[PDB]
Amino acid sequence: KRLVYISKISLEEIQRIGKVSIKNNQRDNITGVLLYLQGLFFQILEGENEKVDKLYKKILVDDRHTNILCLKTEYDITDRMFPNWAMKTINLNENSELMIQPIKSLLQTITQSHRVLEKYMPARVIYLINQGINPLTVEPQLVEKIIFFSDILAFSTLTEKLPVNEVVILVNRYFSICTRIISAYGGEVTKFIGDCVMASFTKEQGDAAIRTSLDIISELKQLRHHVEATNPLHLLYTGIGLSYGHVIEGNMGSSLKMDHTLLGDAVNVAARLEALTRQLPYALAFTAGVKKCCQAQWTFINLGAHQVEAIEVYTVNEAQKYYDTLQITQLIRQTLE
Amino acid sequence: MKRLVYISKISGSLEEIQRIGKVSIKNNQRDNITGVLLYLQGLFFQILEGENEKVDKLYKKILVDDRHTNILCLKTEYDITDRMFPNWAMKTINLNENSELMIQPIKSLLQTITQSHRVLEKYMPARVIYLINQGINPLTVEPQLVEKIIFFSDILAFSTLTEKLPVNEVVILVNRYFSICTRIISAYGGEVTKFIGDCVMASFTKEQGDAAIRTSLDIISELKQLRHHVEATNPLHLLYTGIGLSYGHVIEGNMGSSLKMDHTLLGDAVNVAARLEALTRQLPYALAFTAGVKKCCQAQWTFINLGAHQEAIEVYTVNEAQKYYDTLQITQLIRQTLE
Ligand SMILES: Cc1cc2nc3c(=O)[nH]c(=O)nc-3n(C[C@H](O)[C@H](O)[C@H](O)COP(=O)(O)O)c2cc1C
Ligand SMILES: Cc1cc2nc3c(=O)[nH]c(=O)nc-3n(C[C@H](O)[C@H](O)[C@H](O)COP(=O)(O)O)c2cc1C
């Protein structure tokens, strides 16, 4: 198979890399080309399926380049594209031929624009692109997922009594903490909806979804006492709802607008449980489906049945609030006075 | 002293491309405009440069050109210090016919990254695409507090349809609903934020109050036409929508971290629009908005006061949003049909 990917750095060393790649690829019966431009690498590799994946994993863990994204993969090609170039290194910055400068300049402009759009893509779509799968042709599937929903407590009072610059810092830190912990436990963030964070886990990650929920609550608790009382981060609380059910995962829309979405009642149920945590002594609430997806010995606490066809609500004893929810909203209210 | 860079997609030969350059050389040289046009596998890559008044007017005529579509300006440089191609009125480079092997890697990379770019564009929020088309990097724009009309619309009894329809049919139904909503929202100047399940999130400025209501009624209208266009075995026959609108202060911008970025709207109006959207199940109207949206309307609509619901807010609607059916019996009609 042959693959195409772009990367990001972290000079005579890149010529040293080219010398190293020539010797290894010629030994490995693998050909291709490696380009460099303005701090970005462009490499094409081709060979037998088992051989190129062996090499692609070596460069994935390389310290020299970062932010790797496989753009394309063709598993059954008829003939190679560069049948004689073990690894042709092209330092395109050194090239000064004016006839290639337009193609050079357009390559840099689109690639830089491409690296920006990457940051807005859902993690599932980028994953599909890394696997050589076209997101516009892949059929959606019904999967058993654990839905994650979490937002900021008393966020209406915060937006009402905080400058625009302060709330942006507060939400960015909240999104950064949530995205980092969710991704660390193997979860996938779907999208941001206002101050809400939507994520999903597989049915094997039941305990990971609860550990993610507890780590997020714990990191916000650390952050609140890391800053001074004049810092908006001192008032950052969250509630977390989890649900389990059948959802349709895939890419929807038309040629004008596409999006990665999850279709199923478990999505709405997770949002209601997230809003239910305001009336509970616990900052985490999940259904029985999430509870039965857990193998670890959690101290499950039955919170009774609530209607959002009332459904059972559970939680863990570690999700207990050391504060009072209503007194915190009042504390948030009068602190901003 | 302006320079533009845009990519486009062809509409539908080789020798007809040489004419575009021939005309380009005649007009760009009389306009003192230089640039570079690249054609590669059904995509156009053109750089323009020159004075503002004549680059814009030239650029506006290339937009209405029938031969290329989906034009997106990627980069803009105002008050340039020096031209990039000072001698090329318009150098047309057909990369498809060039066969130099030393540029085939660069030619192959540019094609792959651009095709991947066109795919990512479709997933982007409309505001981000708008910012790129103005030459403004979205990751450098600071979030602003603006008064906007928030748009929410989802599918009626969507939980019953997901429980009683095959996956391929649910996808066909949702794709069509998203295709109709996006087209009507965009035609009225609205910006689609994202899709949340079966919900469509959009925003309008405070000067587009009437356009937000005309969008809502046009969506409801096209769903009615579509229902009797198809047969009773088609899932589109059971497609209904409720629409909620809200007006308030929202913080709009690019938020997140290096791991994840998203275009989001922060404000109570976003949550208000979602509840009014879900309020349409208990109303004989498929559209519900607040008094703030009502005050943004200049057209002489027949507003109907639906009382106060929930910190309570007062809900309004228009007479045209009236349903010819009953919402409860439709929920049961949808369920009895899927047997
Ligand atoms: C951008 C980039 C591209 C690389 N491409 C190759 C390659 O094509 N083939 C190869 O053997 N090594 C390539 N390398 C080097 C690998 O990271 C790897 O460290 C090296 O091949 C073997 O290292 P080792 O001998 O210490 O095990 C590349 C490194 C970078 C940063
Ligand atoms: C991709 C593309 C690029 C074009 N670039 C130019 C250009 O740079 N200059 C120009 O005068 N016309 C350009 N045209 C053609 C114009 O749209 C149009 O034919 C011309 O400006 C007006 O010609 P007319 O007055 O004879 O109708 C381009 C057309 C296409 C499809």
Side-chain angles (χ1 to χ4, degrees), chain A residues 123-124 142-153 174-190 196-226 236-247 249 262 264-325 328, chain B residues 259:
Chain A
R124 176 64 178 179
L142 183 79
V143 290
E144 295 151 317
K145 280 281 207 173
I146 292 181
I147 304 301
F148 177 97
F149 267 102
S150 71
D151 75 339
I152 299 171
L153 171 61
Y174 176 79
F175 285 170
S176 175
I177 294 175
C178 291
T179 300
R180 169 171 48 88
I181 297 181
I182 290 167
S183 175
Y185 281 98
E188 288 184 342
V189 176
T190 86
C196 306
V197 180
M198 183 187 177
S200 66
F201 295 80
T202 70
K203 62 186 179 71
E204 271 93 347
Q205 300 166 334
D207 302 285
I210 294 186
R211 294 188 180 103
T212 295
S213 303
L214 297 183
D215 278 16
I216 292 177
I217 298 174
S218 183
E219 287 211 9
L220 295 191
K221 195 158 104 80
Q222 291 181 355
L223 177 66
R224 286 195 304 272
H225 73 87
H226 287 7
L236 182 50
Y237 298 81
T238 190
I240 300 176
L242 303 173
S243 69
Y244 173 78
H246 300 352
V247 296
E249 181 175 32
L262 304 181
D265 242 15
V267 175
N268 312 39
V269 171
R272 312 293 179 172
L273 295 184
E274 196 284 305
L276 177 62
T277 56
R278 321 304 187 188
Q279 294 282 80
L280 299 168
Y282 307 89
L284 170 63
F286 45 87
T287 61
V290 176
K291 171 180 176 296
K292 307 315 291 177
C293 286
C294 299
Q295 317 163 208
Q297 287 81 325
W298 298 100
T299 309
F300 294 113
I301 296 183
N302 189 309
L303 296 178
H306 304 255
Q307 209 272 4
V308 307
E309 198 179 354
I311 46 92
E312 198 85 27
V313 181
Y314 290 98
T315 189
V316 293
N317 192 86
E318 292 147 287
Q320 172 176 337
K321 305 169 176 176
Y322 74 97
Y323 53 83
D324 178 32
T325 305
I328 283 298
Chain B
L259 298 171

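Every chain is numbered from 1, with letters handed out A, B, ... down the list of sequences. Side chains included, hydrogens not; waters and symmetry mates left out as well; all remaining heavy atoms used.
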A.B. asks: Using atom types as modelled and distance alone, determine if a side-chain donor or acceptor of A:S183 lies under 3.5 Å from a backbone N or O of A:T179.
C.D. replies: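 Not at all, since once roles are kept as given, no pair shorter than 3.5 Å links the two residues.
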A.B. asks: Decide if atom CD of A:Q297 counts as having more than 12 heavy atoms of other residues, nucleotides or ligands within a radius under 6.0 Å.
C.D. replies: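 No, not enclosed.
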A.B. asks: Tell me yes or no: between the side chains of A:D207 and A:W298, is some donor less than 3.5 Å from an acceptor?
C.D. replies: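 Side chains of A:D207 and A:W298: pair found under 3.5 Å.
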A.B. asks: For the residue pair A:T277 and A:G239, what are the closest heavy atoms and their distance?
C.D. replies: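 Result for this residue pair: OG1-CA, 3.6 Å.
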A.B. asks: Could you grab the distance from atom CG of A:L276 to atom OH of A:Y282, nearest 0.5 Å is fine?
C.D. replies: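 A:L276 atom CG to A:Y282 atom OH measures 12.5 Å (nearest 0.5 Å).
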A.B. asks: Between A:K321 (side chain only) and A:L280 (backbone N and O only), is there a donor and an acceptor less than 3.5 Å apart?
C.D. replies: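 Judged by distance alone, yes, a pair lies under 3.5 Å.
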A.B. asks: Scan residues 274-298 of chain A for pairs that pass salt bridge (charged side-chain N to carboxylate O under 4.0 Å, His left out), counting only residues two or more places apart or in two chains.
C.D. replies: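 Checked against salt bridge (charged side-chain N to carboxylate O under 4.0 Å, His left out) - neighbours excluded - the pairs reaching residues 274-298 of chain A are A:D151-A:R278, A:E274-A:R278.
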A.B. asks: Side chain to side chain contact (heavy atoms under 4.5 Å, CB included), that's the test. Do A:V313 and A:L273 meet it? Break it down for me.
C.D. replies: CA-CA 8 Å; A:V313 181; A:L273 295 184; 3.7 Å; yes
A.B. asks: Might you confirm whether atom CD of A:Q295 has over 12 heavy atoms from other residues, nucleotides or ligands at distances under 6.0 Å?
C.D. replies: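 Open.
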A.B. asks: Applying side chain to side chain contact (heavy atoms under 4.5 Å, CB included), run through A:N268 and A:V308 and close with a yes or a no.
C.D. replies: CA-CA 9 Å; A:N268 312 39; A:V308 307; over 6 Å; no
A.B. asks: Relative to each other, are the rings of A:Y314 and A:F286 parallel, tilted or perpendicular (30° and 60° limits)?
C.D. replies: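 Ring orientation, 0 to 90° scale: parallel.
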A.B. asks: Kindly write out the residues that satisfy ring pair (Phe, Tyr, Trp, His ring centres under 6.0 Å) with A:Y185, not counting sequence neighbours, or none if the list is empty.
C.D. replies: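 A:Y185 satisfies ring pair (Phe, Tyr, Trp, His ring centres under 6.0 Å) with no other residue.
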A.B. asks: NE2 of A:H246 to CD of A:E144: how many Å apart, nearest 0.5 Å?
C.D. replies: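 Output value for this atom pair is 5.0 Å.
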A.B. asks: Which atom pair, heavy atoms only, marks the closest approach of A:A209 to A:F201?
C.D. replies: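 Where A:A209 meets A:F201 most closely, the heavy atoms are CB-CD1, 3.8 Å.
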A.B. asks: Roughly how far, to the nearest 0.5 Å, is the NZ atom of A:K145 from the OG1 atom of A:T190?
C.D. replies: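 Taking OG1 in A:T190 and NZ in A:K145, the distance rounds to 10.0 Å.
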A.B. asks: For side-chain hydrogen bond (donor to acceptor under 3.5 Å, both in side chains), just list the numbers for A:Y237 and A:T325, CA-CA rounded to whole Å, side-chain angles, deciding distance to a tenth of an Å, and then say yes or no.
C.D. replies: CA-CA 10 Å; A:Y237 298 81; A:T325 305; over 6 Å; no
A.B. asks: Where do A:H225 and A:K221 come nearest, in terms of heavy atoms and distance?
C.D. replies: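 Looks like CD2-O, 3.0 Å.
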A.B. asks: With a sphere of 6.0 Å drawn around CZ of A:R180, does it hold more than 12 non-hydrogen atoms of other residues, nucleotides or ligands?
C.D. replies: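 Enclosed: over 12 neighbouring heavy atoms sit under 6.0 Å from CZ of A:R180.
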A.B. asks: Indicate yes or no: at least one non-hydrogen side-chain atom of A:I217 is less than 4.5 angstrom from one of A:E318.
C.D. replies: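 No; the side chains remain at least 4.5 Å from each other.
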A.B. asks: Pair A:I146, A:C293 - check side chain to side chain contact (heavy atoms under 4.5 Å, CB included), show working.
C.D. replies: CA-CA 9 Å; A:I146 292 181; A:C293 286; 4.1 Å; yes
A.B. asks: Rounded to the nearest 0.5 Å, how far does CG of A:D215 lie from CD1 of A:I177?
C.D. replies: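 Between atom CD1 of A:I177 and atom CG of A:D215 there are 11.0 Å.
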A.B. asks: Measure across A:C294 and A:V290 and return the closest heavy-atom pair with its distance rounded to 0.1 Å.
C.D. replies: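 Nearest pair, atom of A:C294 first, then A:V290: SG-O, 3.2 Å.
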A.B. asks: So how far is it from A:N317 CG to A:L284 CG, rounded to the nearest 0.5 Å?
C.D. replies: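 The CG atom of A:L284 is 11.5 Å from CG of A:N317, to the nearest 0.5 Å.
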A.B. asks: Considering only heavy atoms from C-beta outward, does the side chain of A:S243 approach that of A:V267 to under 4.5 Å?
C.D. replies: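 Result no, sub-4.5 Å side-chain heavy-atom pair not found.
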A.B. asks: Side chains of A:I182 and A:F148, heavy atoms from C-beta outward: is any pair under 4.5 Å?
C.D. replies: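 The answer is yes; the side chains approach within 4.5 Å.
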A.B. asks: Please give me the minimum heavy-atom distance between A:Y174 and A:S150, naming the atom from each residue.
C.D. replies: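 Closest heavy-atom pair between A:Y174 and A:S150: OH-OG, 3.0 Å.
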A.B. asks: Nearest 0.5 angstrom please: A:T238 OG1 to A:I216 CD1, how far?
C.D. replies: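 Between atom OG1 of A:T238 and atom CD1 of A:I216 there are 7.0 Å.
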A.B. asks: Of the non-hydrogen atoms in A:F149 and A:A271, which two are nearest, and what is the gap between them?
C.D. replies: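 Heavy-atom minimum between the residues: CD1-N, 3.8 Å.
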A.B. asks: Quick one: does A:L223's side chain get under 4.5 Å of A:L236's, heavy atoms only?
C.D. replies: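 Answer yes - side chains close enough.
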A.B. asks: Other residues, nucleotides and ligands only: do more than 12 of their heavy atoms fall within 6.0 Å of CD on A:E312?
C.D. replies: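 Counting other residues, nucleotides and ligands, CD of A:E312 exceeds 12 neighbours.
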A.B. asks: Walk me through it: do A:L242 and A:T287 pass the test side chain to side chain contact (heavy atoms under 4.5 Å, CB included)?
C.D. replies: CA-CA 7 Å; A:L242 303 173; A:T287 61; over 6 Å; no
